[PDB]
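Undergrad: Handing you a structure now.
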Number of protein chains: 4
Amino acid sequence: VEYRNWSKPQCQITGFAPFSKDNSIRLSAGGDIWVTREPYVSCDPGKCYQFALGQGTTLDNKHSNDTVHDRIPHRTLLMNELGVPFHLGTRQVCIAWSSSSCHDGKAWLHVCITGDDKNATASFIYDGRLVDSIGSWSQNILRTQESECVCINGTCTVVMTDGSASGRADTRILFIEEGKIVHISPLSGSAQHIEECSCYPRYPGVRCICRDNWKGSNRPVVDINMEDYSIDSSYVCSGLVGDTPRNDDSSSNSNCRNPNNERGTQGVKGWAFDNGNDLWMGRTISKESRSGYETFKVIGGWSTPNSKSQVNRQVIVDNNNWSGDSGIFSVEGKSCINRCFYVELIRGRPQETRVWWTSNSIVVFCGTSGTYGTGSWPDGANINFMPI
Amino acid sequence: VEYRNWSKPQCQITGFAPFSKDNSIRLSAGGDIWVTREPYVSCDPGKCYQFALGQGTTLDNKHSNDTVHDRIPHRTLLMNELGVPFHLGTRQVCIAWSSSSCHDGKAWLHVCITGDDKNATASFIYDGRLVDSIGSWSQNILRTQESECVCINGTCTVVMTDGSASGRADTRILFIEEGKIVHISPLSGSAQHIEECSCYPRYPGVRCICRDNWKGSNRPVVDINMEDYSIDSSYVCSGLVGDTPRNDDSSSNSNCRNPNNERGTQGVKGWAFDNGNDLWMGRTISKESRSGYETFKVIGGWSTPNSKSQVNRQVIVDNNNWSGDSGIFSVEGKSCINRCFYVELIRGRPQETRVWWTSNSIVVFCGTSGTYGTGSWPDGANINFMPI
Amino acid sequence: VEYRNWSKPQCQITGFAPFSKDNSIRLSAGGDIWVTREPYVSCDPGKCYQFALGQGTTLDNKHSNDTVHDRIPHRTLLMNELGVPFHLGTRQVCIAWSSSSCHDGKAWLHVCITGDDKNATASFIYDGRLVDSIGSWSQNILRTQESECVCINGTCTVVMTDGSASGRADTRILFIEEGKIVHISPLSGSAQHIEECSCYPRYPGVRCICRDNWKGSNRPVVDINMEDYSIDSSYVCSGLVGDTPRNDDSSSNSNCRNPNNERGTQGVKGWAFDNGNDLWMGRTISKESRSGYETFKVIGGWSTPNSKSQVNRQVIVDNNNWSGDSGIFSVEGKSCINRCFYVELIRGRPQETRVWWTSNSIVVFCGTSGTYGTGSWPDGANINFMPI
Amino acid sequence: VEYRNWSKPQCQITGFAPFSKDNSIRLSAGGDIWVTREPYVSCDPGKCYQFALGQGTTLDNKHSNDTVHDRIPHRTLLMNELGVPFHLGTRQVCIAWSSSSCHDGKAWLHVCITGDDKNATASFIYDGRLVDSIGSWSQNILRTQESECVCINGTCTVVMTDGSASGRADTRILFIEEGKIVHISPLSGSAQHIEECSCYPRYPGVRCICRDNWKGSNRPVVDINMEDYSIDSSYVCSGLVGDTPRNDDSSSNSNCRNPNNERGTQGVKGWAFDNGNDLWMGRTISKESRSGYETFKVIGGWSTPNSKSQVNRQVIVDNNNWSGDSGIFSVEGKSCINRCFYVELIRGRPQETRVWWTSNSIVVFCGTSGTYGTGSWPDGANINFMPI
Ligand SMILES: *[C@@H]1O[C@H](CO)[C@@H](O[C@@H]2O[C@H](CO)[C@@H](O[C@@H]3O[C@H](CO[C@H]4O[C@H](CO[C@H]5O[C@H](CO)[C@@H](O)[C@H](O)[C@@H]5O)[C@@H](O)[C@H](O[C@H]5O[C@H](CO)[C@@H](O)[C@H](O)[C@@H]5O)[C@@H]4O)[C@@H](O)[C@H](O[C@H]4O[C@H](CO)[C@@H](O)[C@H](O)[C@@H]4O)[C@@H]3O)[C@H](O)[C@H]2NC(C)=O)[C@H](O)[C@H]1NC(C)=O
Ligand SMILES: *[C@@H]1O[C@H](CO)[C@@H](O[C@@H]2O[C@H](CO)[C@@H](O[C@@H]3O[C@H](CO[C@H]4O[C@H](CO)[C@@H](O)[C@H](O[C@H]5O[C@H](CO)[C@@H](O)[C@H](O)[C@@H]5O)[C@@H]4O)[C@@H](O)[C@H](O[C@H]4O[C@H](CO)[C@@H](O)[C@H](O)[C@@H]4O)[C@@H]3O)[C@H](O)[C@H]2NC(C)=O)[C@H](O)[C@H]1NC(C)=O
Ligand SMILES: *[C@@H]1O[C@H](CO)[C@@H](O[C@@H]2O[C@H](CO)[C@@H](O[C@@H]3O[C@H](CO)[C@@H](O)[C@H](O[C@H]4O[C@H](CO)[C@@H](O)[C@H](O)[C@@H]4O)[C@@H]3O)[C@H](O)[C@H]2NC(C)=O)[C@H](O)[C@H]1NC(C)=O
Ligand SMILES: *[C@@H]1O[C@H](CO)[C@@H](O[C@@H]2O[C@H](CO)[C@@H](O[C@@H]3O[C@H](CO)[C@@H](O)[C@H](O[C@H]4O[C@H](CO)[C@@H](O)[C@H](O)[C@@H]4O)[C@@H]3O)[C@H](O)[C@H]2NC(C)=O)[C@H](O)[C@H]1NC(C)=O
Ligand SMILES: *[C@@H]1O[C@H](CO)[C@@H](O[C@@H]2O[C@H](CO)[C@@H](O[C@@H]3O[C@H](CO)[C@@H](O)[C@H](O[C@H]4O[C@H](CO)[C@@H](O)[C@H](O)[C@@H]4O)[C@@H]3O)[C@H](O)[C@H]2NC(C)=O)[C@H](O)[C@H]1NC(C)=O
Ligand SMILES: CC(=O)N[C@H]1[C@H]([C@H](O)[C@H](O)CO)O[C@@](O[C@@H]2[C@@H](O)[C@H](O)O[C@H](CO)[C@@H]2O)(C(=O)O)C[C@@H]1O
Ligand SMILES: CC(=O)N[C@H]1[C@H]([C@H](O)[C@H](O)CO)O[C@@](O[C@@H]2[C@@H](O)[C@H](O)O[C@H](CO)[C@@H]2O)(C(=O)O)C[C@@H]1O
Ligand SMILES: CC(=O)N[C@H]1[C@H]([C@H](O)[C@H](O)CO)O[C@@](O[C@@H]2[C@@H](O)[C@H](O)O[C@H](CO)[C@@H]2O)(C(=O)O)C[C@@H]1O
Ligand SMILES: CC(=O)N[C@H]1[C@H]([C@H](O)[C@H](O)CO)O[C@](O)(C(=O)O)C[C@@H]1O
Ligand SMILES: CC(=O)N[C@H]1[C@H]([C@H](O)[C@H](O)CO)O[C@](O)(C(=O)O)C[C@@H]1O
Ligand SMILES: CC(=O)N[C@H]1[C@H]([C@H](O)[C@H](O)CO)O[C@](O)(C(=O)O)C[C@@H]1O
Ligand SMILES: *[C@@H]1O[C@H](CO)[C@@H](O)[C@H](O)[C@H]1NC(C)=O
Ligand SMILES: [Ca+2]
Ligand SMILES: [Ca+2]
Ligand SMILES: [Ca+2]
């Protein structure tokens with residue numbers, strides 16, 4: 001039982017291969033399955049787990065009505081082995097309407113936020129016990145990543161933001177050792193309006209690609225120095241931008257430094273990672289709505305502003321199907337650290353009004369150095385077959 | 001593995017942070033979930049478990065009718081990891097309409113009482129086998145804590161009562177080693193009625209805050225010497241009293257020694273713990289019924305008779321929602337012993353007569369030395385969605 | 001991991017204390033629960049398991065119709081931790097309409113009989129793999145204990161019968177090492193019909209109390225020598241006889257040697273055990289049907305022919321409620337080997353014709369050297385509340 | 001833990017004894033159970049697991065409609081302990097409409113194929129992580145064994161085919177070390193079409209008996225050299241042929257070398273294994289459809305062309321009941337390697353059109369050196385009791 005250091009090079013991938021799918025909504029029409037949203041994946045050194053925020057109810061249940069609402073006291077963090085759908089034997093790890101989890105090589109850390117919008121509490125649970133907590137600092141919806149945190153040599157880091165809703169984002173980067181907060185660093189650099197960071201180890205530090213909670217369709221970047229707690233930040237250079245809504249590729253812009261003002265309505269959590277000068281990224285296929293999902297490599301997408309040449313595109317979910325939040329997780333291999341991602345497949349409200357609930361399933365892909373084909377792996381439920 | 005000694009100082013807490021919630025009743029409307037009451041939480045050295053007394057039936061089941069009653073032969077002690085709701089794969093640990101459980105560092109002890117009101121049997125199960133038993137000594141509902149027992153150096157102590165619910169009874173403190181009763185001591189001291197003790201390690205001894213069902217709305221205290229088996233008892237000093245029913249805050253009293261004779265008949269299981277001269281305690285918000293739940297610190301609440309200065313109040317369940325029993329459990333951290341509590345959230349009878357059943361969910365909080373905000377975490381089920 | 005030898009004295013027993021109850025039938029009215037019969041209990045060195053023969057269906061299921069029949073190809077041996085009811089996640093350990101199981105200290109042996117009445121197959125599965133098998137030797141319902149087998153120093157023994165249910169049959173005692181049949185001994189001694197033996201370790205040998213289905217309401221005894229494989233047999237001395245049907249106590253007899261010819265046809269699986277000259281035993285309360293269940297000690301019940309002085313009676317199931325098969329299991333304590341028993345609580349056909357199925361729950365008690373009270377712990381389902 | 005080498009002789013067998021049955025379809029009428037097909041069994045060194053390809057739905061679920069189709073994006077590989085039916089807590093190990101799995105002594109390998117018919121992807125998951133992938137090489141339904149792969153000394157081998165189902169195709173044998181493809185060998189030898197290989201260790205190599213879907217109703221054999229990666233192939237010598245369809249026993253033939261051109265188009269997955277010059281094999285009882293299942297030894301069936309002398313026949317499923325795929329798995333005993341097999345019991349479409357779904361249960365038998373009787377162990381569901 002040694003601490004993870006993630007001190008291997010990043011795997012040099014050619015694209016992604018199918019890893020997992022849970023079929024939650026299809027099963028929900030013939031079984032008792034939790035209503036969820038904001039899922040993610042994180043792995044201990046041996047095996048992977050799927051997480052999501054429950055809505056305190058199963059789908060075929062009158063309490064499923066109005067589950068489009070983001071925050072209620074009954075939301076809890078669910079945790080199963082990856083591919084075990086959220087059945088009634090699922091453990092609720094903590095009370096949470098916003099969360100992040102990660103394993104440090106020895107045990108699990110869970111960051112769980114619940115309570116009043118104006119005065120939330122974040123609990124820090126490590127190795128099965130509550131070790132620390134912090135209250136809201138801006139009194140305006142304290143929130144965190146909705147994907148895995150990252151630990152190096154026993155110190156885990158997680159990004160949180162309070163006050164972005166009111167246009168006064170106060171973003172802080174926490175450093176946590178065995179559940180205890182040992183340092184808090186304010187955001188520094190040129191990133192603004194940070195929400196929902198998707199972070200990954202990039203030894204010796206941690207790098208996050210997030211979303212801008214005002215009008216940037218280009219994604220913020222946060223760099224975390226684990227040695228001295230210093231922070232820097234910017235925007236992804238790629239002219240093929242990662243958020244939705246967004247302009248078409250021809251009329252999209254990013255200068256690597258500032259938000260581009262090219263998204264007019266609420267954006268979506270997503271991810272990307274650098275490989276030298278290039279950038280691997282995912283995004284919705286639609287530029288208007290959370291439908292479809294595609295991945296590709298942008299040539300110069302990390303280093304060159306407004307870079308727009310891509311290669312190695314893959315469709316994950318075709319544009320006739322709903323997507324949602326997406327995020328990165330990292331998995332240690334023999335010789336390298338691999339990058340994987342999940343896609344939230346949102347069903348029900350607001351897009352599908354036959355039913356009165358909102359829930360999701362997931363699909364999960366992992367980096368590969370090998371070869372692969374094509375397909376599309378959507379949620380797959382028939383909305384007309386569902387309990388309403 | 002080694003026996004627990006709990007020989008660390010008590011954590012110096014600033015209040016409590018959210019830890020767990022099971023949503024049992026909301027789930028029961030769309031899933032097969034046990035009917036329960038008298039829940040509690042207890043942890044082995046690695047992880048926490050939720051316990052409750054089943055009623056031998058699920059909620060959506062005609063057998064859930066009449067479950068307001070406390071004692072039937074079909075009640076069994078249920079045990080799951082904390083946050084796993086009581087689904088059909090839940091283990092029934094023993095036959096019990098009253099119970100207590102605890103882990104000594106090596107194995108679980110369960111104390112399970114069942115049978116005739118006039119002639120009950122308590123079974124003592126340790127490390128998976130029945131080791132001892134004792135029969136009723138007063139022929140009037142032999143009964144115990146309904147929360148965790150406490151073990152130091154391999155000796156587990158539990159408080160049991162037999163006799164009148166509305167007059168002098170026969171309370172005994174048992175000392176149990178690897179499931180075998182090794183000593184039994186009579187209650188001594190000035191407490192006049194003892195039920196449903198909430199006990200905690202206070203090395204080298206154990207301290208319990210209980211329910212007086214006869215003449216006191218102040219809570220009795222039992223002090224257990226684990227070295228020589230001597231017993232003392234008194235009442236919590238705080239003029240802000242912990243039982244329900246009770247007088248309002250302006251007219252309630254305690255003198256630390258005698259029951260206050262203030263709405264003293266009846267009561268509810270609850271808890272408190274000392275910190276120096278001060279007292280941390282929970283209670284229902286209502287002074288009349290099991291409605292709402294709040295915690296606070298009483299300055300001088302341990303040492304000073306009739307102290308009423310409070311600080312650090314937190315609402316756990318607002319007064320528009322039902323509560324129920326509550327109890328303490330203790331969790332060993334790196335440097336100190338933390339105190340946590342659960343609240344039973346009773347739904348159905350007698351308060352909600354639209355349905356014919358009585359069941360509960362739970363919410364659980366743990367001490368923190370950090371900061372926190374506010375909220376309310378009630379059961380959350382809509383009584384009108386439930387099967388009757 | 002060492003082999004069990006059971007080489008400690010039998011525990012002092014003053015009677016029995018409640019240990020477990022599964023509430024299977026009550027749960028079946030609001031949940032997906034297996035239809036079963038022929039249950040039993042057996043423990044590995046750390047924990048106990050409940051076993052039963054499934055009927056290849058849940059109760060609330062059209063396939064539950066006409067499950068009164070004892071042998072169909074869909075019967076499988078179910079195995080859960082004791083107290084975990086037979087939910088849909090239950091493992092089916094082998095195909096079986098008759099079975100026995102036991103743990104040798106290192107791994108589980110299962111003896112599983114299935115197939116045609118006139119040509120059945122017994123499979124021997126050990127440590128998760130099929131190691132041996134034997135075919136029917138008398139072409140008339142090869143069948144075994146329906147309770148735990150017994151292992152000493154890595155050799156497990158089990159009693160099996162083939163041939164007439166109402167006349168002379170061919171009973172053999174098998175000796176099995178790591179799943180392999182290493183010896184077979186014919187039944188010898190004065191027992192004239194042996195079925196459904198309830199066996200226990202009495203180091204260095206094994207002792208069984210069985211069912212005579214032909215000529216006796218007194219129970220046969222089989223003694224097994226594990227050193228030279230020799231077998232002896234006789235009848236329990238007690239004039240308070242253990243089978244059902246039987247004469248009333250005033251006209252019932254046993255001479256320790258021959259079947260009593262007192263309502264000697266038919267019968268039910270049961271148990272007893274010796275303690276010096278005395279006998280601890282269970283039986284149904286009714287002398288006509290499988291109704292009620294009582295235990296008591298017969299003074300001289302082991303050594304003295306026709307002894308009828310009983311003491312220490314306990315009602316387990318009152319005579320207004322259905323019972324069924326019962327059997328013994330043994331549990332190793334720190335200093336002695338304890339004796340426990342289970343009772344099958346049969347519900348449905350043929351006694352209860354409102355429903356079309358037959359199933360059971362269980363209740364389980366363990367020997368105690370302590371004290372205890374009284375009660376009754378029947379199945380508890382309301383036949384009117386059940387799916388038919 | 002050490003790598004498996006399977007370096008023990010094959011167990012003596014006299015026939016097969018009952019091992020497991022899951023009753024999936026019977027249970028589906030009163031419980032939430034996955035719709036599946038293409039099941040198989042594989043064991044780690046300690047215990048066995050059942051696998052199958054889910055259809056992304058339970059049976060009693062409108063999404064079960066039209067699950068006769070073999071490939072949709074929602075198919076995932078399910079894995080439970082053997083005998084645990086596919087309930088809602090079952091883990092979906094990967095996305096797959098064709099699969100193979102095996103344990104190398106240290107960890108599990110899963111080969112999972114999904115995506116577009118003309119451009120599928122195979123993922124290779126080992127020890128809980130994606131290690132490699134390969135894309136379709138013939139752009140026509142990349143597909144694999146639907147039963148266990150085989151590993152010797154840390155190298156696992158699996159047979160895969162891409163191309164026509166009704167003409168020459170492109171079959172390759174992969175060699176995989178800790179999830180990484182280290183070599184790929186083209187099919188060589190006289191086998192003209194290879195699908196759905198049932199492979200087993202035959203130290204120092206691996207031997208496979210497969211399905212020729214083009215010109216043969218005799219089963220092809222593939223021999224795999226694990227040391228130098230060389231491949232040979234032929235046909236099973238037995239004149240009693242193993243595919244369906246096939247000619248009757250009087251007019252069927254095999255010459256060991258070439259497809260027999262006897263009702264050679266179409267087929268079903270099955271198995272056989274050698275013992276010296278003799279052959280043990282299973283097949284459907286019907287020569288036309290997947291009805292019934294029988295096993296027998298063919299004297300000289302491995303070495304003598306057109307041998308038809310069968311002996312030691314056993315009915316596994318009588319010819320009034322549906323069967324389906326069947327396959328081999330191998331289990332290491334104390335001194336020898338045993339051979340076992342499973343039979344898929346297909347219910348629903350296309351044979352049973354009362355219902356709109358297609359699913360299966362399983363029955364499993366293992367080699368025995370002992371004796372046995374007779375029986376028939378079909379699926380057992382009443383099609384008239386099923387949800388449609
Ligand atoms: C209770 O259960 C048991 C176990 O399940 C069951 O016993 C099995 O019964 C089946 C059905 O009868 C047996 O399977 C059949 O075997 C038939 C062949 O067996 C005879 O021929 C064998 C081969 O002979 C050829 O080869 C030899 C050289 O090897 C050569 O000399 C011969 O001339 C010939 O060329 C031979 O090996 C075998 O020998 C055994 O028995 C003889 C006595 O006769 C003995 O001397 C030997 O020592 C040895 O023990 C034997 O002579 C085979 O024809 C038959 O297949 C046909 O019928 C089935 C239908 O049944 C058709 O489907 C099929 O298409 C064929 O037309 C089948 O394979 C099986 O062997 C038994 N198992 C065992 C272990 O004994 C009982 O019957 C059950 N009891 C009841 C009443 O239910
Ligand atoms: C966000 O979340 C936090 C944490 O939950 C909330 O802060 C908590 O608020 C409650 C309610 O106000 C506090 O509990 C109360 O404490 C007072 C006692 O303190 C007051 O009176 C003291 C003299 O008796 C005085 O010294 C105090 O002022 C000093 O200290 C405070 C810090 O404690 C500091 O902020 C000041 O600057 C001073 O230095 C203070 O004025 C107690 O009287 C209350 O009990 C009465 O009221 C309750 C109802 O509120 C009633 O039910 C009782 O019967 C009784 O009549 C009560 O215990 C608690 O201490 C705060 N916690 C912390 C850690 O500060 C915060 O309010 C939330 N904000 C929002 C907007 O949601
Ligand atoms: C079988 O599967 C393989 C593997 O998935 C697949 O090969 C891939 O094809 C895609 C599409 O041609 C390639 O990705 C493209 O790369 C070019 C650069 O060479 C880019 O210009 C492309 O982007 C443009 O076109 C996209 C639509 O295709 C637009 O969405 C985008 O906005 C741009 O306009 C795109 O990135 C990919 O590199 C290969 N992968 C590999 C490893 O070769 C193959 O096509 C499939 N076979 C068949 C018959 O379809
Ligand atoms: C949940 O269980 C409760 C408790 O059983 C049940 O409520 C009860 O319903 C029964 C009727 O089924 C009521 O029975 C009556 O009790 C009164 C006394 O209060 C008697 O006087 C009645 O007897 C008269 O009516 C009979 C009708 O046949 C006549 O035969 C008889 O001669 C008398 O005229 C009768 O027995 C009982 O009062 C209630 N109890 C309560 C608490 O309401 C309830 O129905 C169950 N719920 C569900 C959904 O099934
Ligand atoms: C509280 O619980 C205790 C313990 O269970 C219980 O004491 C037990 O009472 C029974 C019944 O009196 C005792 O068993 C009897 O022992 C006498 C010999 O002393 C026998 O003669 C009895 O057998 C006859 O009577 C039976 C009916 O009781 C008949 O069924 C039988 O055929 C015989 O005619 C019987 O064995 C038992 O010894 C005590 N146990 C102990 C440890 O003292 C007590 O009665 C309970 N009290 C209440 C109020 O419920
Ligand atoms: C969950 C809930 O309804 N809580 C109420 C509570 C209960 O209704 C009551 O205790 C049950 O017997 O009632 C409380 O408030 C008082 C009421 O008893 C009264 O009817 O109305 C009063 C004011 O007009 C007063 O509010 C209480 O016990 O505190 C209030 C609580 O919300
Ligand atoms: C659970 C139950 O109903 N038990 C009854 C029992 C059964 O009804 C009966 O044995 C089933 O056939 O009946 C008993 O009561 C009486 C017998 O003692 C008597 O020998 O026969 C009577 C009828 O002729 C009568 O039924 C019993 O077996 O003890 C009593 C019991 O409560
Ligand atoms: C499970 C079952 O019904 N098995 C039948 C089987 C099937 O009905 C049939 O193969 C499906 O197409 O039919 C079999 O017997 C006969 C055929 O051999 C014959 O060619 O045609 C008959 C009239 O239709 C009948 O089908 C068979 O394949 O062996 C018999 C079997 O019990
Ligand atoms: C063994 C037993 O019946 N315990 C019950 C006790 C006693 O009735 C009470 O303490 C008086 O003795 O009351 C409860 O706590 C209660 O009030 O809700 C329920 C609990 O089941
Ligand atoms: C293999 C088998 O069928 N065993 C059955 C036996 C035998 O019928 C009986 O011992 C006569 O031989 O009866 C039972 O125990 C019984 O009476 O309830 C049920 C059991 O299933
Ligand atoms: C990947 C795939 O589709 N495999 C399917 C194969 C192929 O159709 C067949 O081998 C011809 O290539 O047939 C089955 O085995 C079958 O006949 O029941 C079902 C299976 O799902
Ligand atoms: C059970 O089966 C019997 C015999 O076929 C039949 O008469 C009865 O109606 C069935 N019961 C139910 C509830 O379907
Ligand atoms: Ca009181
Ligand atoms: Ca008899
Ligand atoms: Ca063919």
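Going through the structure tokens in order, the chains are called A, B, and so on, while each chain numbers its residues from 1 and the ligands are numbered from 1 in the order shown.
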Which polymer residues have any atom within 7 Å of an atom of residue D:179, counting only C-alpha atoms, with same-chain residues fewer than 4 positions away left out, as a list in words?
TA: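 Result of the neighbour search: residues 109, 124, 125, 126, 131 and 132 of chain D.
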Undergrad: Run DSSP on the backbone and give me the residues of stretch 174-322 of chain A it puts in strand (DSSP E or B), as a ChimeraX atom specification.
TA: /A:174-177,180-186,194-202,205-212,220-224,231-235,272-275,278-283,291-298,310-322
Undergrad: Could you save the residues just selected, with C-alpha atoms, as a compact mmCIF listing (two decimals), in the first residue's frame?
TA:
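That gives us again-v1.txt:
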```
# COMPACT_ATOMS: atom_id res chain seq x y z
CA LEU A 174 -7.41 22.72 -2.05
CA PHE A 175 -4.61 20.38 -1.03
CA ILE A 176 -5.74 17.50 1.15
CA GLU A 177 -3.68 14.87 3.00
CA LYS A 180 -7.24 16.99 6.12
CA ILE A 181 -6.99 20.29 4.26
CA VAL A 182 -3.34 21.34 4.53
CA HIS A 183 -3.29 24.28 2.11
CA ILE A 184 -5.71 26.40 0.09
CA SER A 185 -4.49 28.39 -2.93
CA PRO A 186 -6.50 31.08 -4.70
CA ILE A 194 -14.17 28.48 -13.53
CA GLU A 195 -16.59 25.59 -13.00
CA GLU A 196 -16.44 21.81 -13.11
CA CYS A 197 -12.75 21.13 -13.76
CA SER A 198 -11.66 17.86 -15.33
CA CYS A 199 -8.23 17.24 -13.87
CA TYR A 200 -5.46 14.76 -14.51
CA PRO A 201 -2.01 13.97 -13.17
CA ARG A 202 0.82 15.38 -15.26
CA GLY A 205 1.86 18.48 -11.16
CA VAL A 206 -1.83 18.36 -12.01
CA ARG A 207 -3.56 19.96 -15.01
CA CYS A 208 -7.27 20.72 -15.36
CA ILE A 209 -9.47 21.64 -18.30
CA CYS A 210 -12.67 23.23 -17.09
CA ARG A 211 -15.63 25.27 -18.31
CA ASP A 212 -16.18 29.03 -18.34
CA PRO A 220 -10.24 27.31 -19.18
CA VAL A 221 -7.03 25.55 -18.13
CA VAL A 222 -5.74 25.39 -14.55
CA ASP A 223 -2.21 24.25 -13.70
CA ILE A 224 -1.49 23.12 -10.14
CA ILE A 231 -1.37 28.07 -9.52
CA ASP A 232 -1.43 29.30 -13.12
CA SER A 233 -4.28 29.35 -15.61
CA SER A 234 -5.23 30.21 -19.17
CA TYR A 235 -7.56 29.01 -21.97
CA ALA A 272 -9.14 17.74 -22.97
CA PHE A 273 -5.50 16.86 -22.50
CA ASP A 274 -2.22 18.02 -24.01
CA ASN A 275 0.23 15.86 -25.91
CA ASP A 278 -1.23 18.83 -29.74
CA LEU A 279 -4.54 18.44 -27.90
CA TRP A 280 -6.84 15.45 -27.50
CA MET A 281 -10.37 16.58 -26.74
CA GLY A 282 -14.02 15.67 -26.72
CA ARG A 283 -17.12 17.76 -27.36
CA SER A 291 -26.46 16.05 -28.37
CA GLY A 292 -23.86 13.79 -29.91
CA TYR A 293 -20.28 13.32 -28.79
CA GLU A 294 -17.03 13.26 -30.75
CA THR A 295 -13.32 13.07 -29.97
CA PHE A 296 -10.32 14.12 -32.03
CA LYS A 297 -6.75 15.35 -31.87
CA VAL A 298 -6.13 19.00 -32.70
CA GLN A 310 -7.81 17.86 -36.62
CA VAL A 311 -7.10 14.18 -37.14
CA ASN A 312 -8.22 10.83 -35.68
CA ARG A 313 -11.84 11.83 -35.13
CA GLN A 314 -14.17 9.30 -33.55
CA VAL A 315 -17.91 9.46 -33.07
CA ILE A 316 -18.82 8.29 -29.57
CA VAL A 317 -22.52 9.16 -29.73
CA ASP A 318 -24.21 10.20 -32.98
CA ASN A 319 -26.05 13.52 -33.18
CA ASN A 320 -29.47 11.88 -33.04
CA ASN A 321 -28.86 11.12 -29.36
CA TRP A 322 -28.46 13.08 -26.14
```
Undergrad: So which residues are near ligand 12, meaning at most 12 Å away with only C-alpha atoms and all ligand atoms counted, given back as a list in words?
TA: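 If we count only C-alpha atoms and all ligand atoms, the neighbours of ligand 12 turn out to be residues 59, 60, 61, 62, 63, 64, 65, 66, 67, 68, 349, 353, 354, 355, 356, 357, 358, 386, 387 and 388 of chain C; 382, 384 and 385 of chain D.
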Undergrad: May I ask you to extract the residues of chain A within 8 Å of chain B, using only C-alpha atoms, and to give them as a PyMOL selection string?
TA: chain A and resi 32+56-63+73-74+76+88-95+114-116+119-123+127-136
Undergrad: Can you tell me, as a PyMOL selection string, what residues are no more than 6 Å from residue B:53 when counting only C-alpha atoms, ignoring any on the same chain fewer than 6 positions away?
TA: chain B and resi 36-38+76-77
Undergrad: By how many Å are atom 13 (C, counted along the ligand's line) of ligand 2 and atom CA of residue B:40 apart?
TA: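 Answer for the atom 13 (C, counted along the ligand's line) of ligand 2 to atom CA of residue B:40 separation: 27.4 Å.
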Undergrad: Kindly work out which residues sit at most 6 Å from ligand 10, using only C-alpha atoms and all ligand atoms, and give the list as a list in words.
TA: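 The neighbouring residues of ligand 10 are, in order, residues 70, 71, 98, 143, 165, 195 and 268 of chain C.
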Undergrad: When you look at residue A:217 with a cut-off of 12 Å (counting only C-alpha atoms), what residues show up, excluding the ones that are within fewer than 6 positions of it in the same chain? I need them as a PyMOL selection string.
TA: chain A and resi 193+210-211+235-249+251-255+258-270+283+287-288
